[PDB]
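Protein chains in written order, with the deposited numbering: chain G, 58 to 154; chain J, 1 to 42; chain 1, 40 to 232; chain F, 78 to 231; chain 4, 52 to 249.
Worksheet for the structure shown next.
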Amino acid sequence: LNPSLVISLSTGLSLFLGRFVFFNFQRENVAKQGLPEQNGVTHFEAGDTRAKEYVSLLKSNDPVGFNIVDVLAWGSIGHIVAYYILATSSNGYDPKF
Amino acid sequence: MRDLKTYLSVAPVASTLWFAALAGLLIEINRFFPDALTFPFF
Amino acid sequence: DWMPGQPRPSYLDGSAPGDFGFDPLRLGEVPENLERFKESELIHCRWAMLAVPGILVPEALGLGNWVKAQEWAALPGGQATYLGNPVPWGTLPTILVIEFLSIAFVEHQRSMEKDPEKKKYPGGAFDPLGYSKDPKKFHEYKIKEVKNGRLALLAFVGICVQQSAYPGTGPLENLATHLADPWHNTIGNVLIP
Amino acid sequence: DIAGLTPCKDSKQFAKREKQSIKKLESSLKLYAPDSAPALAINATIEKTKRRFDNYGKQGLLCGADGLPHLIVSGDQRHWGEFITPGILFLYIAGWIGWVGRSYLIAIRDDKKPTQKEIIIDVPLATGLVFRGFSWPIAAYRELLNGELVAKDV
Amino acid sequence: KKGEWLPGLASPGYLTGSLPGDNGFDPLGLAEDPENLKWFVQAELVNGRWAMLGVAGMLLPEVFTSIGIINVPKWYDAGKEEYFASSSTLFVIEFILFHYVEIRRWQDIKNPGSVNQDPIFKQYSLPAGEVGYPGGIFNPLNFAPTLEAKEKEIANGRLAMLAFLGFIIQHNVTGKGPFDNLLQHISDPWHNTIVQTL
Ligand code: CLA
Ligand SMILES: CC(/C=C/C=C(C)/C=C/[C@@]12O[C@]1(C)C[C@@H](O)CC2(C)C)=C\C=C\C=C(C)\C=C\C=C(C)\C=C\[C@@]12O[C@]1(C)C[C@@H](O)CC2(C)C
Ligand SMILES: CC1=C(/C=C/C(C)=C/C=C/C(C)=C\C=C/C=C(C)/C=C/C=C(C)/C=C/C2=C(C)CCCC2(C)C)C(C)(C)CCC1
Ligand SMILES: CC1=C(/C=C/C(C)=C/C=CC(/C)=C/C=C/C=C(C)\C=C\C=C(C)\C=C\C2=C(C)CCCC2(C)C)C(C)(C)CCC1
């Protein structure tokens, strides 16, 4: 009901899940999938300057590598689910058994 | 006789005789049970 | 052998616990698929075995059937009831989030393993009584586990299909109505209305 | 009833169409002599029409708002006589034809000049072969199971 | 002399008289393949045995009730008479039992000898007989399975199958049991035949 409470709780919980539960799984999957490549070379290696990975802002001081991009991602997931909860709880819709 | 049989079994002649017989059979079946739109026996 | 007189698949010898050569569709042809299949089978068997008593025991008591006990959630004021008393945190969004989080964490922790024998039979913290000491007695326990698990899976299938056949009834109710008049009240009326 | 249609026996537009058809046929009859060959032919046609409509009502066909019979082919057991048992009959006859022709082709495939027996049909062999189509449903089934219906190596 | 179904016609080569009842009758050539012949012999055995049992069941009760000993209904209408159990219950029980026994028979047919053993009591196995002819417990009186008796079985089964076909067609066209038809024909054979029936 209280939008701030629900949003903050859900976002913090999603960040906790990303940081402590699914962290290693996601890192392993992104490692094994790798960068997108064309004709065997990555997009940057083919001459696409803008395809270069932004190595600057991706690095972090977190012990395990939790950086900016994944805080954005997990917080976005948390907010999406939080607003789904809020809208659906205040919608007043009721199915009939 | 033998050559008459041979020519009488050549594709066109055999086909025309077969189709004449089939047409006659179907015509008689329709005549006995005309205007049949379903199979009512079972 | 699952079928006296039918030749057995080559990749199923009979050494695995519960191997009876049943694989008509030959799904376990590839060994790396067969290992995952074995783990999945044990997980399903364990869930069904831990569930079926859960479907039956509360029904035997003065509570509703397995489908009525999970109908309170469809109401605007849904609130759960355990052993005849209303639980406090019974409202749906709670139960839902707590269950999702606990199950996700436990399942991920389970999947973070690559033995792959402890993948199916982990042990340690999950074997307090320590029944896995004698390697051959452990094998017969494995056989009994898989057999009872398959039986429980079949029982759960029967429960669900009965529920579909007669909506709003429970397995014990079906058993009681069968015992009331065996011959007339059977599956036949369902098969041939 | 099914698809909002009504039985032809109790339908009204069906009866109206029946009456109109008979009226149209009778209109021509009154012109000729009462007992001439054209009059007899027209009377026979009228009787045929009456019998047809009575039979359609009898078999229990469904009639739409147009007043014409409609065929249900969904599989309803009340209408298997409309498409399913005629369908089975057609499948039997067509498989008879195809199996007999295939048997002939396979039989004549071993000669040095098979084409000669194709433009000039070897009737003696054909008369023996045509009767295999009585039991082709079994011959084809065992042909498939035995694995030689379909040409391997292709 | 293997028995000729057409004195003037030679018998097919694939038929050699080894099988009981081999009279060389196969105009359509349905057994050109040894495997097809091996399957069809078992099919004929089982069909004939079922036909014999069924025709006996339809005939004997009818004549017995006609002469006045038991009061059973006709075979065609015997389905309505209400028994101690619902019809569907009886059907499903029969389905289970037959689904077991017929699969046992099938396993015997596919690879002979693999199902001669009782699956519950490890002893009590069937004597190593031949497909379609499983002796042992199925033959308590132990009548000799001599070849001549097998031919008699085959002939009686063929007669029974013909008789069942006649039973059903006569009931469809006339509308009563076969024995009533025979009695009516005997009363006046020259005015009670298929011609007058049709
Ligand atoms: C999801 C449950 C599950 C799974 C994953 C397995 C997996 C396995 N089983 Mg098992 N089994 C099960 C349930 C299961 N079983 C049940 C319920 C029974 C009792 C009927 C058995 C009885 C059984 C025997 C007797 C044997 C096996 C064996 C095996 C292994 C080899 C067969 C194989 O590779 O196919 C893999 C199987 C699957 C991928 C599951 C198929 C799922 C498909 C897609 C859907 C099935 C449709 C189903 C009929 C729907 C019913 C619905 C209802 C309305 C009726 C394998 C590891 C053999 C073995 O060697 O054991 C080690 C063996 O002999 N099973
Ligand atoms: C199985 C069978 C009958 C079984 C009957 C049963 C169980 C009846 C049961 C009941 O009655 C009771 C007891 C009590 C009743 O109240 C109820 C019912 C339920 C009704 C008959 C088979 C009957 C089978 C028949 C008639 C088969 C005929 C086959 C023929 C003629 C084939 C001939 C040829 O095949 C050859 C041999 C060679 C080929 O090359 C050429 C051709 C010509 C094709
Ligand atoms: C320092 C640190 C810490 C902490 C920290 C924090 C707490 C922070 C943060 C943060 C956060 C917490 C973040 C977040 C998030 C993010 C983002 C980036 C997001 C998002 C979302 C979105 C964007 C959405 C949108 C939408 C829309 C608009 C539409 C509709 C609705 C929705 C929702 C869908 C600690 C002490 C623990 C430890 C050490 C380190
Ligand atoms: C029931 C029905 C229906 C439907 C159905 C369906 C949809 C199904 C199917 C089907 C299918 C899916 C089929 C298939 C097939 C396949 C294949 C693969 C095959 C084959 C065959 C062959 C190949 C043959 C050959 C031959 C013969 C045998 C004949 C003659 C000779 C020859 C050689 C030609 C409907 C509803 C409409 C209506 C009603 C009826």
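Think of the CB as a built atom: it goes at the ideal place given N, C-alpha and C, for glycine as much as any other residue.
From the options, residue whose alpha carbon lies closest to that of residue i
i                : options                                                                : result
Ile82 (chain 1)  : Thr216 (chain 1), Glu138 (chain 1), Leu192 (chain 1), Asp220 (chain 1) : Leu192 (chain 1)
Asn167 (chain 4) : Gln158 (chain 4), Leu177 (chain 4), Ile160 (chain 4)                   : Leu177 (chain 4)
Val224 (chain 4) : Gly208 (chain 4), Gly54 (chain 4), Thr248 (chain 4), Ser137 (chain 4)  : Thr248 (chain 4)
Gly183 (chain 4) : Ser138 (chain 4), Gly75 (chain 4), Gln93 (chain 4)                     : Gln93 (chain 4)
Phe82 (chain G)  : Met151 (chain 1), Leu114 (chain 1), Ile134 (chain 1)                   : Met151 (chain 1)
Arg179 (chain F) : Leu202 (chain F), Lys127 (chain F), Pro163 (chain F)                   : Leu202 (chain F)
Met212 (chain 4) : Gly99 (chain 4), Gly80 (chain 4), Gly54 (chain 4), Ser69 (chain 4)     : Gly99 (chain 4)
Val200 (chain 1) : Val106 (chain 1), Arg75 (chain 1), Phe76 (chain 1)                     : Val106 (chain 1)
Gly205 (chain F) : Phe91 (chain 4), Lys89 (chain 4), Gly80 (chain 4), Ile188 (chain 4)    : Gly80 (chain 4)
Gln221 (chain 4) : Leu148 (chain 4), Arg209 (chain 4), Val246 (chain 4), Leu192 (chain 4) : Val246 (chain 4)
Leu8 (chain J)   : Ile196 (chain F), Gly210 (chain F), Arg209 (chain F), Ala217 (chain F) : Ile196 (chain F)
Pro206 (chain 1) : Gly53 (chain 1), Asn104 (chain 1), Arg85 (chain 1)                     : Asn104 (chain 1)
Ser113 (chain G) : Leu58 (chain G), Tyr150 (chain G), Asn124 (chain G)                    : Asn124 (chain G)
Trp18 (chain J)  : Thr162 (chain F), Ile174 (chain F), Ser105 (chain F), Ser104 (chain F) : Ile174 (chain F)
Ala228 (chain F) : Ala216 (chain F), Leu145 (chain F), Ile183 (chain F)                   : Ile183 (chain F)
Rounded separation between residue i and residue j - CA only
i                : j                : result
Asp199 (chain F) : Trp213 (chain F) : 21 Å
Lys135 (chain F) : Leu110 (chain 4) : 36 Å
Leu166 (chain F) : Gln95 (chain G)  : 60 Å
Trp176 (chain F) : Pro63 (chain 4)  : 21 Å
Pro97 (chain 1)  : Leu70 (chain G)  : 34 Å
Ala36 (chain J)  : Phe160 (chain F) : 12 Å
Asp159 (chain 4) : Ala179 (chain 4) : 11 Å
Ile205 (chain 4) : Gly72 (chain 4)  : 6 Å
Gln90 (chain F)  : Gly141 (chain F) : 9 Å
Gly57 (chain 1)  : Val185 (chain 1) : 6 Å
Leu73 (chain 1)  : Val97 (chain 4)  : 41 Å
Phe146 (chain 4) : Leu218 (chain 1) : 21 Å
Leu60 (chain 4)  : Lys189 (chain F) : 30 Å
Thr116 (chain 4) : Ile188 (chain 4) : 34 Å
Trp131 (chain G) : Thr68 (chain G)  : 8 Å
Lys96 (chain F)  : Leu102 (chain F) : 10 Å
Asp143 (chain F) : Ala80 (chain F)  : 14 Å
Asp40 (chain 1)  : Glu220 (chain F) : 31 Å
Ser151 (chain F) : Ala114 (chain F) : 46 Å
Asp119 (chain G) : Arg107 (chain G) : 27 Å
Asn207 (chain 4) : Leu214 (chain 1) : 48 Å
Rounded distance between the beta-carbons of residue j and residue i, thought under 8 Å
i                     : j                : result
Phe230 (chain 4)      : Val106 (chain 4) : That pair is no contact at about 12 Å.
residue 284 (chain 1) : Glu78 (chain 1)  : Given that chain 1 is displayed from residue 40 to residue 232, the structure contains no residue 284 (chain 1) and the question cannot be resolved.
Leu122 (chain 1)      : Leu211 (chain 1) : Incorrect: roughly 18 Å between the Cβ atoms, too far for contact.
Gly164 (chain F)      : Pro84 (chain F)  : Their Cβ separation, rounded to whole angstroms, is 23 Å, which puts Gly164 (chain F) and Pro84 (chain F) out of contact at 8 Å.
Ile142 (chain G)      : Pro127 (chain 1) : About 20 Å separates the two Cβ atoms, so there is no contact after all.
Beta-carbon proximity of residue i to residue j, cut-off 8 Å
i                : j                : result
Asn132 (chain F) : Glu86 (chain 4)  : no
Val126 (chain G) : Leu115 (chain G) : yes
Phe144 (chain 1) : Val78 (chain G)  : yes
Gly227 (chain 1) : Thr244 (chain 4) : no
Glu95 (chain 4)  : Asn74 (chain 4)  : no
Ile118 (chain 4) : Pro112 (chain 4) : no
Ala113 (chain 1) : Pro152 (chain G) : yes
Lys125 (chain F) : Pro34 (chain J)  : yes
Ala108 (chain 1) : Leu100 (chain 1) : no
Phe195 (chain 1) : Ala90 (chain 1)  : yes
*Report the residues of the region 125 to 159 of chain 1 with a CB closer than 9 Å to any CB of chain G, ordered along the chain.*
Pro132, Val136, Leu140, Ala143, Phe144, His147, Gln148, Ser150, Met151
*What residues in the region 64 to 90 of chain 4 have a beta carbon less than 8 Å from any beta carbon of chain F?*
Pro78, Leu79, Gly80, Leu81, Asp84, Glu86, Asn87, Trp90
*Using a Cβ-Cβ cut-off of less than 9 Å, give me the residues of the region 172 to 188 of chain 4 that come near chain 1, in sequence order.*
none
*What residues in the region 103 to 119 of chain 1 have a beta carbon less than 7 Å from any beta carbon of chain G?*
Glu110, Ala113, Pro115
*Check distances from the C-beta atoms of the region 201 to 220 of chain F to those of chain 4 and list, in chain order, the residues that come in under 8 Å.*
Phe208, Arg209, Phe211, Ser212, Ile215, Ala216, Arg219
*With 8 Å as the limit, tell me which residues of the region 68 to 79 of chain G have their beta carbon closer than that to any beta carbon of chain 1; keep them in chain order.*
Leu70, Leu74, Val78, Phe79
*Check distances from the C-beta atoms of the region 168 to 189 of chain F to those of chain J and list, in chain order, the residues that come in under 8 Å.*
none
_Taking beta-carbon pairs under 8 Å, can you tell me which members of the region 11 to 28 of chain J lie near chain F?_
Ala11, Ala14
_Using a Cβ-Cβ cutoff of 8 Å, what residues of the region 141 to 152 of chain G are near chain 1? List them in chain order._
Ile142, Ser146, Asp151, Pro152
*Where the region 214 to 229 of chain 1 meets chain 4: residues whose CB sits under 8 Å from a CB there*: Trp222, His223, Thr225, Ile226, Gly227, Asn228
*Name the residues in the region 124 to 145 of chain 4 whose C-beta lies less than 9 Å from a C-beta of chain 1; which are they?*
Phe135, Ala136, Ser137, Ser138, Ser139, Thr140, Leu141, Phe142, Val143, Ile144
*Taking only beta carbons into account, state which residues of the region 57 to 69 of chain 1 come closer than 9 Å to chain 4, listed in chain order.*
none
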